Amino acid sequence: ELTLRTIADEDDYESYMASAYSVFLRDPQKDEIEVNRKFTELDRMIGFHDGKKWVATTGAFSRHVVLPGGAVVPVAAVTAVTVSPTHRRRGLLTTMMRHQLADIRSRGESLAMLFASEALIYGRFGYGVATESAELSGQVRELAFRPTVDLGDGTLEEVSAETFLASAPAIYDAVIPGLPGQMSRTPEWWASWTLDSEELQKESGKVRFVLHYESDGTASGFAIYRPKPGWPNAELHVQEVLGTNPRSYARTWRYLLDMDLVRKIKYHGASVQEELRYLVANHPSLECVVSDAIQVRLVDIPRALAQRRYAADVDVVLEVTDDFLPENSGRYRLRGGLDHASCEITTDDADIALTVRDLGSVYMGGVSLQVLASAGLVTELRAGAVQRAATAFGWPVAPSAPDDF
Amino acid sequence: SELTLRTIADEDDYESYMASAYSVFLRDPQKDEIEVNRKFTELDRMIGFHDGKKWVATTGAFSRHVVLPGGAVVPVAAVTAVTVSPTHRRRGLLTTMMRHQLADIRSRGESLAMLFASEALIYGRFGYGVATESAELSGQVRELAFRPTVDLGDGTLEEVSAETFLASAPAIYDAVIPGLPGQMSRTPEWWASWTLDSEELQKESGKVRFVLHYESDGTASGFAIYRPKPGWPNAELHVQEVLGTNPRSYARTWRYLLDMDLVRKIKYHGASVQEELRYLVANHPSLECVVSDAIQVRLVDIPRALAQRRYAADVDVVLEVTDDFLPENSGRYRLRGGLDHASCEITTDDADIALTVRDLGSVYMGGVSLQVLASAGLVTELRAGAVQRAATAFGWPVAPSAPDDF
Amino acid sequence: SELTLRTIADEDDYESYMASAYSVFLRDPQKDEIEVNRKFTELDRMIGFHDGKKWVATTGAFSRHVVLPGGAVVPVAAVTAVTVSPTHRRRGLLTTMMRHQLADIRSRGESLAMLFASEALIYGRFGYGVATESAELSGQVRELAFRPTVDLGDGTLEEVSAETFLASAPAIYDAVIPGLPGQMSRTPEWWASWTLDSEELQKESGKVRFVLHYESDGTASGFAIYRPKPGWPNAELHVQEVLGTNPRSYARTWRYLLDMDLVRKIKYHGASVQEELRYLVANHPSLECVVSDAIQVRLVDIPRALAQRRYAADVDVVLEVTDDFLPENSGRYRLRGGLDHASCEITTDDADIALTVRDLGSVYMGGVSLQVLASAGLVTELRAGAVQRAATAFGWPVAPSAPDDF
Amino acid sequence: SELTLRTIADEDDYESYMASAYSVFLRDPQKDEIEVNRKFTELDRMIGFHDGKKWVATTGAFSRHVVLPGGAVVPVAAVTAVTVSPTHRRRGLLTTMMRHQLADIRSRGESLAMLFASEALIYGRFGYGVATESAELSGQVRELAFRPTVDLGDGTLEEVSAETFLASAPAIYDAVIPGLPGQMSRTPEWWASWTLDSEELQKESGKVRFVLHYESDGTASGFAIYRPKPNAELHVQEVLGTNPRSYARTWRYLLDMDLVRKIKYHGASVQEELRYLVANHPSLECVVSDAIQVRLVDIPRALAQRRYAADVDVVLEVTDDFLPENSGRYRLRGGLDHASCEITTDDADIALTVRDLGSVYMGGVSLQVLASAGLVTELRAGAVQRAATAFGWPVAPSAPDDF
Ligand SMILES: CC(=O)SCCNC(=O)CCNC(=O)[C@H](O)C(C)(C)COP(=O)(O)OP(=O)(O)OC[C@H]1O[C@@H](n2cnc3c(N)ncnc32)[C@H](O)[C@@H]1OP(=O)(O)O
Ligand SMILES: CC(=O)SCCNC(=O)CCNC(=O)[C@H](O)C(C)(C)COP(=O)(O)OP(=O)(O)OC[C@H]1O[C@@H](n2cnc3c(N)ncnc32)[C@H](O)[C@@H]1OP(=O)(O)O
């Protein structure tokens, strides 16, 4: 006998998290679970319980994500989606998805996002891969910059997490409106993102924080990294580098690249068009491995298309097919540009037909709509409409992965 | 040691010319490659330095034609065989050969020069910029199932000899490449080199095989070039090229390569960063994607080159271009372009964007975002909102792809 | 930003000092190592830069004593804990600390300084020269049989506790080191650090073990320090040190480690390049030998340092010494040395050899040939026959060995 | 199964002789190597056992000349092609061939024999001792910058054909080897084998290349032999120069060559000058192993032909187990400009075997270390110390070309 319910208490939450970690073949990291509890809404963490333990889980964090154009809209941060192997292939995931996607529409969140882990799972529920990330690595001795890179007058300082947290949120909130895909970070989220977890210490070492100051003393850049000593070939596992100006960005990177005793650097979760890739004088010296990052499930399709902005003017009619939620299917007229966006049901002839997962794949501008059509996954009903739609759905800045959840 | 800059005089000089190039690349001269590539080599375009006994520096270019964003096929100098012997390095020989070649490219009416960079950092100083990237796709074939909505069609496939392949694939190639910017036209001589069963590639894997995809009526609509590498069942497939005239033939041919019974891993080097195969696969992470440099672009005639291509969106921008190596190109260009029009003029109006010719070449094929180059500090915005609109126009819904090797 | 150069003020300042040093080395502060090394740390010899809140640069030296060729034990500055925080690097902080330290070393009557470089190329500019090498010996224990004429004696071996080891090994150590130039005297505090069962070394292998070799009459004549690394039977023995007062105890102790069941590979880092074990083995290639830097020498008082050691053969040579970092030491010195006498004085006679102070330090311990340095172009011979005779005199029949780590 | 000890009879016998040697080494006969090495092969010096159908054991020696400490070039038996077929091993065939060869070496007036040990423990019983070591130098070329005071000179380098290389390198080689003990004289026939573009080495790397360094006046002053392996590797065979500037310039040429990431130099000296030119000493990995074993056949002559780094007057009690006729007491009087060794009746200062005496003969092994190890016995205090210094040399011995 299985029961769908929410978390009743933190004792039930610690058992809720223990079962989820158990599905991932991991001992529950008590430090990570404790810090993430500070922003865990127990009414949003659902799952199945057989009266003796949890056998399935599915959660969602109330977060806010930057869209193309600078809008910060509410988004469901889907997390902790597990089914115990003794109850798999029985429909438990299908039920939780239907309950969560209805709950997401309740709270006004126009879409949902989550990290794929295995991408082929959520495509049936309407999720589409919309963001890719690149793992950048290589020898720091080969990563000299182009001779025209301006490092500026800035200064850098190894500092504690709190002086970091006293300036980094100001630096973060200033640059993310221009970085679609990034999510806002409350004080409770910065605590988890800067957490010195024991598990990451096993892989490299304790966390360290750098701040970049301009000549007048203003903080303008930060860095999160972990050193892995080795023999001399130590490794720098970079977690995040950001700057309010190109000089603070290049100065912070050149600081990490010039660190004595270091030979190899690693930056996982970076953008596929990270500024560092184009600063290096020799591109092949910085290996770039691209993979999935964020999947998108449009819950309010007309509001989602009207919440973002488009790189160029577009007037296209889309015949959307939501196989998972047939009430969302329809035919909308999208009238969008750099400064306007409207999406309403229309009875006019359709220009393009595609599923809701394909509409979500191209939503953040990370996947080309034209490529999906030439591949046979999207159908052009009127000539020329796909090419102009693929350009408008694009964006000069590629989407990037937010902090982990 | 008196050096003379000159072109190839005859085939005996041509073979010695190639011998030094292979020697600088630390390779024995491949006689099969050198002999078949001669058929399209213009001796007067192969320059270099000769000390009276042997070639000590080389630099050449093939007269080819590349597809631009918009479908235009324009002449391009396919730069190749750029070497300086290590005994004569750091003496200015490359800088001289670059000056003579780039001037010669302009004299022949070629608006641009393209190049496969072995070492990317070499040519940035000469005005070259990385404009196209390529991805090495690989993974376990048993994890590369397609999405359930992928239509494979009713076509049939035959593995056939190179000659029958060459009697049908060139027609297929010419039909699809107008929509694939970066691809180059392939004459019979270039098809002969591209399909050459070279011994060096046989060493890494095996003899070349050729596949043709036929529609239900017998019309050839797709092809594939690959080499097997047996191992123990632990065999690999090194895919050289896959193309089709419709989505069904493309997917059907890939499914053919993936369902080979003794194969476990497959590899496709030189694929597009937006190769359709990546989106056909049901589990994206099962197809590893490593991205690296492909083609560097050197704009030789900026006004003509910018007017020959089409732009994804309307743009009216003034570009302050600085060309340090070729200062005759430094100046301000007004670009007014769209999906069906393009015009470029040297102007004195106020500039909207400041950038070097190498960065302008980087964004020319729509493979590098002009906005990212500006956010990185390499490009300077002079008037608000200009870079955003220019970046979108310089883009293209189809990413540029790498042509056949040269 | 304001920096202040000062020494450690108290014990709480000592912890912060060592914490910054470990941080620059990208390591967590090892409290077991920091606690045991404090016992011989002189706070007035530990300098560094402080920005008012934390140490941003460190540089220290232990007052130690080193054996010279001939058996003389002279004071030496054991340089240690040289760090500059990455936020303050390449700004001259080390250069200043070097000037302060080298001047401070001279005041203490120390004629020379010694050093293990993390990166050797650092200290050449300050007058340091590589003078001693060490060899990492390793191989399969079942291939390391000894020559048939090697006498193992009638001794007995016992595995003992650290307390029993420290009550008998120092007497054995003190007896052998007069004939091993480069080895340093070990106080009880240094034995405590040298035998520390540090947690970091337990991770790489296992807990430290101690072995004592007893003669037939019960006299302890040899010892061994090693750590096991279990693995499957394919375990490793990581030998830290083996010593004996006679060839039988030396060979018997090694034979004990080599005959240990369940062991397959053995490793001995920091051995001498002329370690006796290398010549005991019947099949020399079975004992792999990798040679690398050990100790760098910085001569602070040239006349005294050259007069404190003995020379393998008679020499009467005039040396034109150039000291770029400390130009006050530059000058011309006449060296008169032999097996039982040594003198060095400023002279005005014609010079026989021209060399820098770093190269003079390189040959000072008899580990680097002055003839090779001259044939290499680093040292200039002014009068024929001088370098050959001087090179032999600066040598020694026993190669210098690396002391315990600092 | 009747075995006959005999020498090579003709050229057809030479092919079968060499083929059996390669077979024991589990290798197909390399015809390019066999053909070029015939030009300096003396058939009467190639002995072995033949069972009436095939060679079942081999042992040979090349008549060469080796540089000793002090610059003297003396004749030496370069022992080679020592094999015993696995169907006839452990029956004394090698021991018999050793007695015949060493007796033949004594009859030819050669005071010593030298040999490259495949397995070192084999020949110690016959009086051979490891006397010279070689170092394999390797590392990343981008980490091998030189010290700032290294003068590269104004010379120029050219890649040349084997023929052009062979018209200038031998003169450079002959000029420098008097100061490099262990190096052997190279006739044109030996240069042909040393520079042979053998097929076996082409598979491991590539075709052989040759470099010449010319002074400002056009005088060739250095050379280099290397093979490329396309993160490409350079396998350096030999680099030499007549002055420090040409030596460093040639190495700088190999280290700055484009597309190269790692370089390897097998058979280098343990005190190779390159090791001290590098600004970052640890960047040049150094692995040391056995090179040449020495078998002293005429102790008084061999010890008197070399020079000693310092004056010495020592009496050595030498034990020669395999050849007991050489056992006896020798007084050595040597220095930088004199050397004599004679049977004496004075009290002995040091006791050692002939194999250990051969080990220290080239100055590559310390007599003090052998004594401290228990292999050599000191009879009078202070004798080993002075003898060890004299038996040393300011230039470490180096390995000659392969044989
Ligand atoms: C204690 C021991 O046993 S050795 C421990 C020291 N080794 C370490 O790696 C400790 C970590 N500390 C560092 O790396 C420091 O940054 C150090 C050692 C490089 C010195 O700090 P700095 O303040 O930057 O040195 P300073 O500026 O005073 O002068 C250094 C000079 O030598 C050069 N140099 C110093 N260390 C190095 C090095 N590791 N690699 C290359 N060049 C170096 C500098 O470039 C400069 O020479 P220049 O005039 O040509 O530029
Ligand atoms: C470049 C050169 O010329 S060196 C190349 C020679 N090395 C080779 O491995 C070549 C291939 N040939 C062989 O291996 C032969 O079998 C050899 C070298 C072992 C000698 O052949 P054999 O006829 O068996 O030699 P022989 O019978 O005279 O043995 C004499 C002693 O040496 C010992 N011995 C010789 N070689 C070895 C060895 N590789 N391992 C162990 N013991 C050995 C024998 O056990 C025997 O010991 P003993 O006196 O206590 O009985």
# chains A, B, ... in the order shown; residues from 1 in each chain; ligands from 1
call {"tool": "interface_residues", "arguments": {"of": "chain A", "to": "chain B", "cutoff": "6 Å", "atoms": "only C-alpha atoms", "output": "list in words"}}
result
residues 119, 120, 246, 275, 281, 282, 288, 289, 290, 291, 370, 375, 376, 390, 391 and 396 of chain A
call {"tool": "interface_residues", "arguments": {"of": "chain B", "to": "chain D", "cutoff": "12 Å", "atoms": "only C-alpha atoms", "output": "CSV table (one decimal) with N, CA and C atoms, in the first residue's frame"}}
result
chain,number,residue,atom,x,y,z
B,1,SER,N,74.3,30.5,-47.1
B,1,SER,CA,72.9,30.2,-47.2
B,1,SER,C,72.1,31.4,-47.7
B,20,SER,N,59.8,18.5,-47.9
B,20,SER,CA,60.2,19.4,-46.8
B,20,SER,C,58.9,19.7,-45.9
B,22,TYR,N,56.2,17.8,-45.4
B,22,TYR,CA,56.0,16.6,-44.5
B,22,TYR,C,57.1,16.5,-43.5
B,23,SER,N,58.4,16.8,-43.8
B,23,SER,CA,59.5,16.7,-42.9
B,23,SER,C,59.3,17.6,-41.7
B,24,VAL,N,58.8,18.9,-42.0
B,24,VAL,CA,58.6,19.8,-40.9
B,24,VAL,C,57.4,19.3,-40.0
B,25,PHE,N,56.4,18.6,-40.6
B,25,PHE,CA,55.4,18.0,-39.8
B,25,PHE,C,55.8,16.7,-39.2
B,26,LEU,N,57.1,16.3,-39.3
B,26,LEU,CA,57.6,15.1,-38.7
B,26,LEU,C,56.9,13.9,-39.3
B,27,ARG,N,56.6,13.9,-40.6
B,27,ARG,CA,56.0,12.8,-41.2
B,27,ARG,C,56.8,12.4,-42.5
B,28,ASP,N,56.9,11.1,-42.8
B,28,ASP,CA,57.4,10.6,-44.0
B,28,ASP,C,56.5,11.1,-45.2
B,29,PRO,N,57.0,11.4,-46.3
B,29,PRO,CA,56.1,11.8,-47.5
B,29,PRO,C,55.2,10.7,-47.9
B,51,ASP,N,67.0,27.6,-50.6
B,51,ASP,CA,68.4,28.0,-50.3
B,51,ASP,C,69.4,27.5,-51.4
B,53,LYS,N,69.5,24.5,-52.6
B,53,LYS,CA,69.6,23.0,-52.5
B,53,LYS,C,68.3,22.4,-52.1
B,54,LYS,N,67.5,23.0,-51.2
B,54,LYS,CA,66.3,22.4,-50.8
B,54,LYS,C,65.3,23.5,-50.4
B,55,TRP,N,64.0,23.2,-50.3
B,55,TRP,CA,63.0,24.1,-49.8
B,55,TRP,C,63.2,24.2,-48.3
B,56,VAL,N,63.3,25.5,-47.8
B,56,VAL,CA,63.4,25.7,-46.3
B,56,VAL,C,62.1,26.4,-45.8
B,83,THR,N,54.8,25.9,-44.0
B,83,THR,CA,55.8,25.4,-43.1
B,83,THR,C,57.0,26.3,-43.2
B,84,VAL,N,57.8,26.3,-42.2
B,84,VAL,CA,59.2,26.9,-42.1
B,84,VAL,C,60.1,25.9,-41.5
B,85,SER,N,61.2,25.5,-42.2
B,85,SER,CA,62.1,24.5,-41.6
B,85,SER,C,62.6,25.0,-40.3
B,86,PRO,N,62.8,24.1,-39.3
B,86,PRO,CA,63.3,24.5,-38.0
B,86,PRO,C,64.7,25.1,-38.0
B,87,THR,N,65.5,24.9,-39.0
B,87,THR,CA,66.8,25.5,-39.2
B,87,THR,C,66.7,26.9,-39.6
B,88,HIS,N,65.6,27.4,-40.1
B,88,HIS,CA,65.4,28.8,-40.6
B,88,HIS,C,64.3,29.5,-39.9
B,89,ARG,N,63.9,29.0,-38.7
B,89,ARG,CA,62.8,29.7,-38.0
B,89,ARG,C,63.2,30.9,-37.2
B,90,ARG,N,62.2,31.7,-36.8
B,90,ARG,CA,62.5,33.0,-36.2
B,90,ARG,C,63.4,33.9,-37.0
B,118,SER,N,46.6,24.0,-37.7
B,118,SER,CA,47.2,23.0,-36.8
B,118,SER,C,47.6,23.7,-35.5
B,119,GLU,N,48.1,24.9,-35.5
B,119,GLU,CA,48.4,25.7,-34.3
B,119,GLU,C,47.7,27.0,-34.5
B,122,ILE,N,49.2,30.8,-34.3
B,122,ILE,CA,50.1,31.3,-35.3
B,122,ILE,C,49.6,32.5,-36.1
call {"tool": "select_by_dssp", "arguments": {"residues": "range 292-402 of chain D", "states": "helix (DSSP H, G or I)", "output": "ChimeraX atom specification"}}
result
/D:299-305,324-326,354-359,367-372,383-391
call {"tool": "residues_around", "arguments": {"residues": "residue 379 in chain C", "least_positions_apart": "6", "cutoff": "12 Å", "atoms": "only C-alpha atoms", "output": "count of residues only"}}
result
29
call {"tool": "residues_near_ligand", "arguments": {"ligand": "ligand 2", "cutoff": "8 Å", "atoms": "only C-alpha atoms and all ligand atoms", "output": "ChimeraX atom specification"}}
result
/D:21,24-25,57,59,79-86,88-96,115-123,125,403
